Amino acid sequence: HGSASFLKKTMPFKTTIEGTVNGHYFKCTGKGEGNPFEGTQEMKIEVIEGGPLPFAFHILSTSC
């Protein structure tokens, strides 16, 4: 690629999450952006069905 000047600096992403934890159904959507080669990213996740979540969000962190 020659140099970093020719790489995409950032890339956006979108997410839909649907599931059931301990019988509780929920659905989420999310939107984010990251830097593919620097390995950093951030996203915002919104619960659209089954909120407020009756369990810790943390169990979903590696899935979103």
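All residue numbers are counted from 1 along the displayed sequence. Take the two forms, superpose them, and find the largest set of C-alpha atoms that agree within 1.5 Å; that set is the rigid core.
Farther on average from this form in 5 other deposited structures of this protein lies stretch 6-14, the comparison being between 46-54 and 6-14 by RMS Cα distance after core superposition. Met11 sits in the middle third of its chain by CA B factor, as recorded in the PDB entry.
In the PDB entry, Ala56 places in the lowest third of its chain by CA B-factor. Among the modelled residues of its chain, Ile17 has a C-alpha B-factor that falls in the middle third according to the deposited record.
Residue-level temperature factors show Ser63 in the middle third of its chain, judged at the C-alpha atom.
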